[PDB]
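Colleague: Chains as they are written, first to last, in PDB author numbering: chain 8, 1 to 36; chain G, 4 to 175; chain D, 2 to 207; chain S, 61 to 118; chain L, 2 to 144.
A virtual CB, placed ideally from N, CA and C, is assigned to each residue, including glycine.
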Amino acid sequence: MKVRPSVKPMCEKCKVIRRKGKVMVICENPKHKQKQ
Amino acid sequence: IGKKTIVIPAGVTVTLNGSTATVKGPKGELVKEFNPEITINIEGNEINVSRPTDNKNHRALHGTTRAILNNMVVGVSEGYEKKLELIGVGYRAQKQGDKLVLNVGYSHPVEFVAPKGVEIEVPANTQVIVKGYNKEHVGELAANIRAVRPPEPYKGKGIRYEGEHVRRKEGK
Amino acid sequence: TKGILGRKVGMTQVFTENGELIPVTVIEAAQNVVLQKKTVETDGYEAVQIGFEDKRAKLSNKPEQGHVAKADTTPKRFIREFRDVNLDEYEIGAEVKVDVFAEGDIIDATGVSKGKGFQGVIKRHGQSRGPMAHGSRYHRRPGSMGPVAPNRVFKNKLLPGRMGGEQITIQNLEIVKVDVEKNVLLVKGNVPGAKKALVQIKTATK
Amino acid sequence: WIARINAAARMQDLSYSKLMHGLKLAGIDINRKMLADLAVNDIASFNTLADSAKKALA
Amino acid sequence: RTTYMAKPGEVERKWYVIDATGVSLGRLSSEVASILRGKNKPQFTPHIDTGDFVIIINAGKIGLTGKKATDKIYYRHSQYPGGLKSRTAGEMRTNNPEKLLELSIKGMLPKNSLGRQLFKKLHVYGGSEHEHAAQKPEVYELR
RNA sequence: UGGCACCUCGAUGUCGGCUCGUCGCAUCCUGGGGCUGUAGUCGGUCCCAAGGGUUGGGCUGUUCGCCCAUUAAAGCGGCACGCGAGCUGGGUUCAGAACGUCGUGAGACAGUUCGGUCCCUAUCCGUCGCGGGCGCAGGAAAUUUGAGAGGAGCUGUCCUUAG
RNA sequence: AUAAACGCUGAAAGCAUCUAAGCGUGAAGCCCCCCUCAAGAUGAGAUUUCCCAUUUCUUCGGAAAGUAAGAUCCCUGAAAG
Ligand SMILES: [Mg+2]
Ligand SMILES: [Mg+2]
Ligand SMILES: [Mg+2]
Ligand SMILES: [Mg+2]
Ligand SMILES: [Mg+2]
Ligand SMILES: [Mg+2]
Ligand SMILES: [Mg+2]
Ligand SMILES: [Mg+2]
Ligand SMILES: [Mg+2]
Ligand SMILES: [Mg+2]
Ligand SMILES: [Mg+2]
Ligand SMILES: [Mg+2]
Ligand SMILES: [Mg+2]
Ligand SMILES: [Mg+2]
Ligand SMILES: [Mg+2]
Ligand SMILES: [Mg+2]
Ligand SMILES: [Mg+2]
Ligand SMILES: [Mg+2]
Ligand SMILES: [Mg+2]
Ligand SMILES: [Mg+2]
Ligand SMILES: [Mg+2]
Ligand SMILES: [Mg+2]
Ligand SMILES: [Mg+2]
Ligand SMILES: [Mg+2]
Ligand SMILES: [Mg+2]
Ligand SMILES: [Mg+2]
Ligand SMILES: [Mg+2]
Ligand SMILES: [Mg+2]
Ligand SMILES: [Mg+2]
Ligand SMILES: [Mg+2]
Ligand SMILES: [Mg+2]
Ligand SMILES: [Mg+2]
Ligand SMILES: [Mg+2]
Ligand SMILES: [Zn+2]
Numbered sequence: 001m002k003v004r005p006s007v008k009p010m011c012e013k014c015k016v017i018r019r020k021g022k023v024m025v026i027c028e029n030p031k032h033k034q035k036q
Numbered sequence: 004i005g006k007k008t009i010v011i012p013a014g015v016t017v018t019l020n021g022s023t024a025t026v027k028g029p030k031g032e033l034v035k036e037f038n039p040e041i042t043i044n045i046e047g048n049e050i051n052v053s054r055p056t057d058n059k060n061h062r063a064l065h066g067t068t069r070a071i072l073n074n075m076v077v078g079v080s081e082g083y084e085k086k087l088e089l090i091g092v093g094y095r096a097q098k099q100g101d102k103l104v105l106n107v108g109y110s111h112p113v114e115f116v117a118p119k120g121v122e123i124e125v126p127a128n129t130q131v132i133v134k135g136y137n138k139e140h141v142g143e144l145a146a147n148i149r150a151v152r153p154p155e156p157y158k159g160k161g162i163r164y165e166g167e168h169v170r171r172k173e174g175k
Numbered sequence: 002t003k004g005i006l007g008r009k010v011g012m013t014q015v016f017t018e019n020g021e022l023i024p025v026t027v028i029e030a031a032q033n034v035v036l037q038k039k040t041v042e043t044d045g046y047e048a049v050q051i052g053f054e055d056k057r058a059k060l061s062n063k064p065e066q067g068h069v070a071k072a073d074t075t076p077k078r079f080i081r082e083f084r085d086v087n088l089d090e091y092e093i094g095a096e097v098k099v100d101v102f103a104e105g106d107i108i109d110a111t112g113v114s115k116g117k118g119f120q121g122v123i124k125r126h127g128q129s130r131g132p133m134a135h136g137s138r139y140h141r142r143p144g145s146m147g148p149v150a151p152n153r154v155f156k157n158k159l160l161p162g163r164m165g166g167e168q169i170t171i172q173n174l175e176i177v178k179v180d181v182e183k184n185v186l187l188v189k190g191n192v193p194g195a196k197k198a199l200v201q202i203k204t205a206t207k
Numbered sequence: 061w062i063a064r065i066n067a068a069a070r071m072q073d074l075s076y077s078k079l080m081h082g083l084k085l086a087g088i089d090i091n092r093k094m095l096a097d098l099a100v101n102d103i104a105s106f107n108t109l110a111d112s113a114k115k116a117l118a
Numbered sequence: 002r003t004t005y006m007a008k009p010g011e012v013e014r015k016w017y018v019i020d021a022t023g024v025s026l027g028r029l030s031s032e033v034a035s036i037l038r039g040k041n042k043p044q045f046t047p048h049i050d051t052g053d054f055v056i057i058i059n060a061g062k063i064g065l066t067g068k069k070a071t072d073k074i075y076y077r078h079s080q081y082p083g084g085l086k087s088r089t090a091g092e093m094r095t096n097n098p099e100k101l102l103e104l105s106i107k108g109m110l111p112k113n114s115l116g117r118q119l120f121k122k123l124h125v126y127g128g129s130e131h132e133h134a135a136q137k138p139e140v141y142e143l144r
């Protein structure tokens, strides 16, 4: 998990969602997990 | 787009009481509540639902109501099951009547008891199945069984479903 | 759960069958009777009331004499209550014997400590002295009372005062030997209080 | 006086604001002291004045 | 000159029972505080007590809009260093509804000896049963 | 480290150590997790977490720093650089004397060196203990519920599971 | 009961998705459990037992003046100070 103020997609299969009112991306590559 | 046209196959007893609901089939009894703000329709063999408000806070509820009515109808008719297989040396499974045992490389056996409405049967020491008539309980019990020893990417040893692409590495 | 009341007789040692030598404290528990029974329909909680020693009718007064006469006995000197106990036993006026315990049970001891008078902060709270040479003029004093900013001194600033005499319970404390005929109870270790104190013995909570 | 008049006029289904507006609009020029006196110990006359104020508003 | 000032015991003080099912906490407390103060009578004298007695039932169903049931905190300090304690509003509604209502109403009364006398006229029950049937209270409807 | 010169020159005592602590979290240890260029043992990085814990000496007045031997660890900061009507007085910062240097000189030097008076019976609040009075709609003797508050809260090594 | 986190079912957005309605796990931390104080908690609580309804005056309100249960003055002391 990467905790950044600058969450954004990192490849062509990343996906951006919202959980409990905060932006995060999820990918099948675990290196791409991000959350604000 | 499209979230309508529920069809009752056969032998399914569905009734509506206030904001509640009640479904009976050949398997078991399922009862649960719904918000009054949604609209439910009943006749001999078809179910329909409509959203009067038609906004964000109501379309999702319309969809989920349709989905879980479909789930309750199909569960008592056809049933639900999940597939778990154990990979690696020394991983077995035995059934002590209505009780499940697992040897997953720990210094103490781990015990699982199937709650009401679900049945755990073990065809072979290296493969198990869970049965039931609602998706939620069966899925959650299978998830709890797998969570004891989830798969690991280096060799693949662990408990896993039959249809996931677990990632693999080298680890020289 | 069981319980009796007794007096601290003394302090001694015995040899076990294994061979080792252990210290024990002797407790005499004669003449204690069940006085009153408290119920949840009448009081809000369940308890038993026990009285320990007979005392002369010269020393007792009419209220307590009627209270003890309600259970057909003579006035008692110590009266206490036990909770977490089963009310099915303990008929009113029945006596409690030391044989309610057996060799090997784990108990709790409750009593009032020995009294130390107005004691300083080094005996009372275990502080540290200041240097006693190298020109120092600070030996057995409390310390700094705090910073400057609050314009005051906080609470729990430990200071001299009356030291001992509080209720103390020490727990998980094994029993060694029971003598029914002499009404004594040999229990391994220390218990709070001076000699002739009241000791309240009861089954370990944990 | 204002608090007392407000309390007495809320029992006629009227605020202090509406009652004062109606009294000004009807032409009555009684100060708050006399109105508070009437509210305390001549409640019938106070109700009469409140009725007149209601008439003026509509 | 001539302005009416009430005297102790000169004004009748009645009893009311108020059902608190579904009403917001502050919106109920404001009305109750006005009733206790005595501001609904044309006999209102600021320096004495002319208000009524209030009984509140069903305090366990009081309403809390928004996320107040979890995000509103009640703080205490024991005046010992580091002795601050917290408690959320939903927990108190579940466990001590009476104390929740009492804190809410007490914050809205004057902060003097008369306010301390007025606070003693409020009885709050978490259920629907009260023990003051001897006073023959009436039903009060909000607004 | 500075800038300003707003309170204090009819006096707001200064560095280090001792006694006594309390608070913040930007967490040193212990607890729970995500990613790994994570085979295991050991690590790196980030996330939640302030409950407890966080060593004894050699040199220097020293803070700091280096070193010795340990430890699960030897956290960073605030409180008048916390704490002198609680202590010390080694340093700085009084009168004596000497060195190097500057000055014609009397003398001077964030250069050095040896020696150099640390006053006070606690009124009010505050803190720690202990009593008298009245109240609690009659006067007494015991046994108690518990709103509320304080305390405690740490952690190693060995054996087995198992080479 | 939760924090970070991991999930089940599930639409908005025919798919996907731990969240939007609804469920389950989850920390030396929070609230309990453990030890002590605690009804001046003026919101002054509860139980068991004991004494009883005297005499003078009062404009009622009320006052004094001998007592009951009980306690103390005074005296011998320590396990307390
Ligand atoms: Mg970037
Ligand atoms: Mg020392
Ligand atoms: Mg000395
Ligand atoms: Mg202050
Ligand atoms: Mg500065
Ligand atoms: Mg200027
Ligand atoms: Mg100055
Ligand atoms: Mg001055
Ligand atoms: Mg943090
Ligand atoms: Mg950690
Ligand atoms: Mg860790
Ligand atoms: Mg700490
Ligand atoms: Mg040496
Ligand atoms: Mg510090
Ligand atoms: Mg100072
Ligand atoms: Mg300082
Ligand atoms: Mg100093
Ligand atoms: Mg000082
Ligand atoms: Mg010196
Ligand atoms: Mg000189
Ligand atoms: Mg020269
Ligand atoms: Mg000398
Ligand atoms: Mg010297
Ligand atoms: Mg010197
Ligand atoms: Mg002094
Ligand atoms: Mg007292
Ligand atoms: Mg409590
Ligand atoms: Mg208090
Ligand atoms: Mg502590
Ligand atoms: Mg749980
Ligand atoms: Mg725990
Ligand atoms: Mg009482
Ligand atoms: Mg003797
Ligand atoms: Zn990606």
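Since I believe residue 171 (chain D) is in contact with residue 193 (chain D) (beta carbons under 8 Å), could you give me their beta-carbon distance rounded to a whole number of angstroms?
Modeller: Right, their Cβ atoms sit about 7 Å apart.
Colleague: Any idea which residues DSSP pairs residue 16 (chain L) with across the strands?
Modeller: The partner list for residue 16 (chain L) (beta bridge, DSSP) reads 54 (chain L).
Colleague: Hey, residue 65 (chain S) and residue 76 (chain S) are a contact pair by Cβ (cut 8 Å); roughly how many whole angstroms apart?
Modeller: Confirmed, Cβ separation roughly 6 Å.
Colleague: Please report the Cβ distance between residue 161 (chain G) and residue 152 (chain G), rounded to the nearest whole angstrom; I am assuming they are in contact, meaning their Cβ atoms lie under 8 Å.
Modeller: Going by Cβ atoms, the distance from residue 161 (chain G) to residue 152 (chain G) rounds to 5 Å, so yes, they are a contact pair.
Colleague: Counting only beta-carbon atoms, is residue 43 (chain L) nearer than 9 Å to chain S?
Modeller: With 9 Å as the cut-off, residue 43 (chain L) counts as an interface residue toward chain S.
Colleague: Do the CB positions of residue 7 (chain G) and residue 83 (chain G) come within less than 9 Å of each other?
Modeller: No, the pair does not count as a contact, with Cβ atoms beyond the cut-off.
Colleague: Extract the residue ranges of the alpha helix (DSSP H) inside the segment 86-160 of chain D, only unbroken runs of 4 or more that lie entirely within it.
Modeller: Runs of the alpha helix (DSSP H) inside the segment 86-160 of chain D: 122-126.
Colleague: So, using beta-carbon positions, are residue 222 (chain L) and residue 77 (chain L) closer together than 9 Å?
Modeller: A question about residue 222 (chain L) goes unanswered here, because the residues of chain L that appear run from 2 up to 144.
Colleague: Compute the beta-carbon to beta-carbon distance between residue 22 (chain 8) and residue 36 (chain 8), rounded to the nearest angstrom, for a pair I have assumed lies under 8 Å.
Modeller: Contact holds; Cβ gap of about 5 Å.
Colleague: Using a Cβ-Cβ cut-off of 7 Å (strictly less than) and excluding sequence neighbours within five positions of residue 36 (chain G), which residues of its own chain qualify?
Modeller: Answer for residue 36 (chain G): 22, 23, listed in chain order.
Colleague: At the level of alpha carbons, what is the spacing between residue 73 (chain G) and residue 54 (chain G)?
Modeller: Going from the Cα of residue 73 (chain G) to the Cα of residue 54 (chain G) covers about 17 Å.
Colleague: For the segment 73-140 of chain L, list the alpha helix (DSSP H) runs that are entirely contained and at least 4 residues long, ordered along the chain.
Modeller: Complete alpha helix (DSSP H) runs here, min 4: 90-96, 98-107, 114-120.
Colleague: Could you name the residues whose beta carbon sits closer than 7 Å to any heavy atom belonging to ligand 1, keeping them in chain order?
Modeller: This selection yields 4 (chain 8), 6 (chain 8).
Colleague: Closest by CA to residue 58 (chain D), which one among 66 (chain D), 134 (chain D), 206 (chain D)?
Modeller: Here the closest residue by C-alpha is 66 (chain D).
Colleague: Quick check: what's the CA-CA separation for residue 80 (chain G) versus residue 28 (chain G)?
Modeller: Cα to Cα, residue 80 (chain G) sits roughly 6 Å from residue 28 (chain G).
Colleague: Restricting to Cα atoms, I'd like to know which of 174 (chain G), 18 (chain G), 62 (chain G) is closest to residue 46 (chain G).
Modeller: The shortest C-alpha separation from residue 46 (chain G) is found at 18 (chain G).
Colleague: Could you name the residues of the same chain whose beta carbon sits closer than 7 Å to that of residue 38 (chain D), not counting the 5 residues immediately before and after it, in chain order?
Modeller: Closer than 7 Å at the Cβ level, and outside the excluded window around residue 38 (chain D), lie 49, 88, 91, 93.
Colleague: If distances are taken between C-alpha atoms only, which option among 195 (chain D), 187 (chain D), 201 (chain D), 199 (chain D) comes closest to residue 15 (chain D)?
Modeller: Nearest option by C-alpha distance: 187 (chain D).
Colleague: Looking at residue 29 (chain 8) and ligand 34, is the gap between the Cβ and the nearest heavy atom below 8 Å?
Modeller: At least one heavy atom of ligand 34 is nearer than 8 Å to the Cβ of residue 29 (chain 8), so yes.
Colleague: Closest by CA to residue 128 (chain L), which one among 6 (chain L), 21 (chain L), 8 (chain L)?
Modeller: For the residues 6 (chain L), 21 (chain L), 8 (chain L), the minimum Cα distance to residue 128 (chain L) belongs to 21 (chain L).
Colleague: So with CB distances below 8 Å, who are the chain L contacts of residue 122 (chain S)?
Modeller: Nothing can be reported for residue 122 (chain S), as the shown portion of chain S is limited to 61 through 118.
Colleague: Does any CB atom of chain D fall closer than 9 Å to the CB of residue 82 (chain L)?
Modeller: Yes - at least one Cβ of chain D is within 9 Å of the one on residue 82 (chain L).
Colleague: May I ask you to list the residues that DSSP assigns as paired with residue 186 (chain D)?
Modeller: Residue 186 (chain D) pairs with 28 (chain D), 179 (chain D).
Colleague: So what does DSSP say about residue 111 (chain S), is it helix, strand or coil?
Modeller: Here residue 111 (chain S) sits in helix by DSSP.
Colleague: Heavy atom of ligand 2 less than 8 Å from the Cβ of residue 129 (chain D), yes or no?
Modeller: Because some heavy atom of ligand 2 lies under 8 Å away, the Cβ of residue 129 (chain D) counts as near it: yes.
Colleague: Closer than 8 Å to a non-hydrogen atom of ligand 34 - does that hold for the CB of residue 10 (chain 8)?
Modeller: Residue 10 (chain 8): yes, Cβ under 8 Å from ligand 34.
Colleague: Would you say the segment 104-117 of chain S touches the segment 96-107 of chain L, given that touching needs at least three Cβ pairs under 8 Å?
Modeller: As far as the Cβ criterion goes, the segment 104-117 of chain S does not touch the segment 96-107 of chain L, which means the pair count is below three.
Colleague: Per DSSP, what kind of secondary structure is residue 170 (chain G) in: helix, strand or coil?
Modeller: DSSP places residue 170 (chain G) in coil when its eight states are reduced to three.
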